[PDB]
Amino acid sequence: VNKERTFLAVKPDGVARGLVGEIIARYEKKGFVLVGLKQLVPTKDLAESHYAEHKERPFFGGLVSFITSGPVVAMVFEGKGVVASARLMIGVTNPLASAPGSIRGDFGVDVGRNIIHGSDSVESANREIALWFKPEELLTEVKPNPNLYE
(Lines of atoms letter the chains of each structure in order from A and count residues from 1; the text may use other names and numbers.)
(Lines give C-alpha, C1' and ligand atoms only; values in the text may rest on other atoms or scores of the structure.)
Protein backbone atom coordinates (compact mmCIF):
# COMPACT_ATOMS: atom_id res chain seq x y z
CA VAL A 1 0.00 0.00 0.00
CA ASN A 2 1.98 2.84 1.59
CA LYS A 3 1.39 1.37 5.03
CA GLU A 4 3.67 -1.57 4.16
CA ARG A 5 5.88 -2.67 7.08
CA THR A 6 9.15 -4.43 7.42
CA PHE A 7 11.01 -6.21 10.18
CA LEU A 8 14.59 -5.11 10.70
CA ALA A 9 16.91 -6.50 13.34
CA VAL A 10 20.24 -5.03 14.31
CA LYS A 11 22.25 -8.25 15.03
CA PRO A 12 24.55 -8.61 18.10
CA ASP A 13 27.64 -7.50 16.16
CA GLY A 14 25.96 -4.32 15.01
CA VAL A 15 24.71 -3.70 18.54
CA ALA A 16 28.20 -4.42 19.87
CA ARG A 17 29.73 -2.07 17.37
CA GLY A 18 27.42 0.80 18.46
CA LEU A 19 25.74 1.00 15.02
CA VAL A 20 22.23 1.06 16.39
CA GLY A 21 21.61 4.83 16.26
CA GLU A 22 23.34 4.95 12.89
CA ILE A 23 21.03 2.32 11.38
CA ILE A 24 17.78 3.80 12.71
CA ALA A 25 18.79 7.29 11.55
CA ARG A 26 19.26 6.04 7.95
CA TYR A 27 15.64 4.81 7.98
CA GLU A 28 14.33 7.91 9.77
CA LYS A 29 16.20 9.98 7.11
CA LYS A 30 14.63 7.95 4.33
CA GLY A 31 11.16 8.84 5.69
CA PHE A 32 10.06 5.47 7.04
CA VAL A 33 8.19 5.39 10.32
CA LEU A 34 9.29 3.43 13.31
CA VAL A 35 6.15 1.60 14.39
CA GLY A 36 7.91 -0.89 16.70
CA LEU A 37 11.15 -0.91 18.62
CA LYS A 38 12.89 -2.97 21.25
CA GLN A 39 16.15 -4.43 22.47
CA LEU A 40 16.08 -8.11 23.53
CA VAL A 41 18.28 -11.19 23.68
CA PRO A 42 16.61 -13.56 21.23
CA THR A 43 15.88 -17.06 22.54
CA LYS A 44 16.91 -20.16 20.62
CA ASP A 45 13.29 -20.75 19.65
CA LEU A 46 12.77 -17.24 18.25
CA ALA A 47 16.07 -17.42 16.40
CA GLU A 48 15.21 -20.78 14.90
CA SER A 49 11.66 -19.79 13.97
CA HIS A 50 13.15 -16.59 12.51
CA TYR A 51 15.73 -18.38 10.31
CA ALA A 52 13.68 -21.47 9.72
CA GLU A 53 14.17 -21.22 5.97
CA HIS A 54 17.90 -21.84 6.61
CA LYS A 55 17.38 -24.87 8.89
CA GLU A 56 19.50 -27.07 6.65
CA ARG A 57 22.17 -24.53 5.64
CA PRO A 58 25.63 -25.36 6.98
CA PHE A 59 25.76 -22.07 8.90
CA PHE A 60 22.37 -22.42 10.73
CA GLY A 61 23.85 -23.67 13.97
CA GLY A 62 26.33 -20.85 14.06
CA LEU A 63 23.74 -18.36 12.93
CA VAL A 64 21.35 -19.32 15.72
CA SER A 65 24.17 -19.35 18.33
CA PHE A 66 25.32 -15.91 17.33
CA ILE A 67 21.89 -14.21 17.19
CA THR A 68 21.28 -15.50 20.74
CA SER A 69 24.70 -14.51 21.99
CA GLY A 70 23.82 -10.89 22.75
CA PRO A 71 21.21 -8.17 22.41
CA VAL A 72 19.43 -7.63 19.15
CA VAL A 73 17.59 -4.33 18.44
CA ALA A 74 14.35 -5.36 16.66
CA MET A 75 12.24 -2.82 14.86
CA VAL A 76 9.43 -2.28 12.39
CA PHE A 77 9.44 0.51 9.83
CA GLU A 78 6.39 1.46 7.81
CA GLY A 79 6.30 3.27 4.52
CA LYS A 80 5.78 2.88 0.83
CA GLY A 81 7.83 -0.03 -0.53
CA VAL A 82 9.67 -0.29 2.76
CA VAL A 83 10.49 -4.02 2.32
CA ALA A 84 12.34 -3.85 -0.99
CA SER A 85 13.69 -0.40 -0.05
CA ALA A 86 15.07 -1.49 3.40
CA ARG A 87 16.61 -4.44 1.56
CA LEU A 88 18.42 -2.05 -0.87
CA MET A 89 19.63 0.16 1.99
CA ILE A 90 21.15 -2.96 3.55
CA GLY A 91 23.17 -4.21 0.57
CA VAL A 92 23.63 -7.95 -0.24
CA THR A 93 24.47 -10.87 2.07
CA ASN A 94 28.21 -10.48 1.72
CA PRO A 95 29.10 -7.07 3.11
CA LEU A 96 32.21 -7.09 0.86
CA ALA A 97 30.17 -7.09 -2.33
CA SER A 98 27.76 -4.52 -0.88
CA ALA A 99 27.76 -1.13 -2.51
CA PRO A 100 29.25 1.78 -0.56
CA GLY A 101 26.39 3.80 0.97
CA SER A 102 24.48 0.54 1.89
CA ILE A 103 24.59 -0.43 5.64
CA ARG A 104 26.48 -3.63 4.99
CA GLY A 105 28.63 -1.96 2.29
CA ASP A 106 29.76 0.73 4.73
CA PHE A 107 30.21 -1.37 7.84
CA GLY A 108 30.83 -5.07 7.40
CA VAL A 109 33.43 -7.38 6.01
CA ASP A 110 32.18 -10.80 7.03
CA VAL A 111 29.03 -12.61 6.01
CA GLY A 112 28.57 -14.11 9.50
CA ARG A 113 28.93 -10.59 10.85
CA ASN A 114 26.72 -8.63 8.40
CA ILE A 115 25.11 -6.42 11.11
CA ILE A 116 21.42 -6.32 10.19
CA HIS A 117 18.55 -8.50 9.17
CA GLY A 118 15.79 -7.11 6.93
CA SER A 119 12.65 -9.06 5.84
CA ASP A 120 12.84 -9.95 2.14
CA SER A 121 9.13 -9.81 1.25
CA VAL A 122 5.79 -8.67 2.51
CA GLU A 123 5.00 -12.25 3.51
CA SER A 124 8.14 -12.75 5.57
CA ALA A 125 7.87 -9.22 6.99
CA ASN A 126 4.38 -10.07 8.21
CA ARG A 127 5.58 -13.35 9.66
CA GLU A 128 8.71 -11.87 11.32
CA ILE A 129 6.74 -8.93 12.70
CA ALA A 130 4.24 -11.29 14.38
CA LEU A 131 7.10 -13.46 15.61
CA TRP A 132 8.99 -10.61 17.24
CA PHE A 133 6.33 -8.12 18.39
CA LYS A 134 3.04 -8.40 20.16
CA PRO A 135 0.51 -6.11 18.44
CA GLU A 136 0.59 -3.89 21.54
CA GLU A 137 4.19 -3.18 20.77
CA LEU A 138 3.26 -1.83 17.34
CA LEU A 139 1.85 1.60 16.64
CA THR A 140 -1.56 1.87 14.98
CA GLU A 141 -1.15 5.62 14.67
CA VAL A 142 1.12 6.29 11.74
CA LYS A 143 2.28 9.74 10.88
CA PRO A 144 5.46 10.25 8.76
CA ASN A 145 6.02 13.80 7.36
CA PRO A 146 3.26 15.04 4.94
CA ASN A 147 6.34 16.20 3.06
CA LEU A 148 7.02 12.60 2.19
CA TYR A 149 3.94 11.38 0.61
CA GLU A 150 1.92 12.93 -2.14
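Residue positions are given as counts along the sequence shown, with the first one as 1. Only the largest set of C-alpha atoms that superpose within 1.5 Å between the two forms is called the rigid core.
- Each structure in 4 other deposited structures of this protein is fitted to the shown form on the rigid core, and of 48-56 and 83-91 the C-alphas lie farther away on average for 48-56.
- Of the two segments 25-33 and 57-65, the one whose CA positions lie farther from the displayed form in 4 other deposited structures of this protein, once all are superposed on the rigid core, is 57-65.
- For the pair 100-108 and 45-53, the mean B factor over Cα atoms is greater in 45-53.
- Between the stretches 88-96 and 34-42, it is 34-42 that shows the larger average CA temperature factor.
- In the deposited entry, the Cα temperature factor of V1 places it in the highest third of its chain's modelled residues.
- In the deposited entry, the Cα temperature factor of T68 sits in the middle third of values across the chain's modelled residues.
- Compared with the other modelled residues of the chain, the Cα B-factor recorded for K11 ranks in the middle third.
- Per the PDB record, residue ranking by Cα B-factor puts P58 in the highest third of the chain.
- Ranked against the other modelled residues of its chain, the C-alpha B-factor of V142 as given in the entry falls in the highest third.
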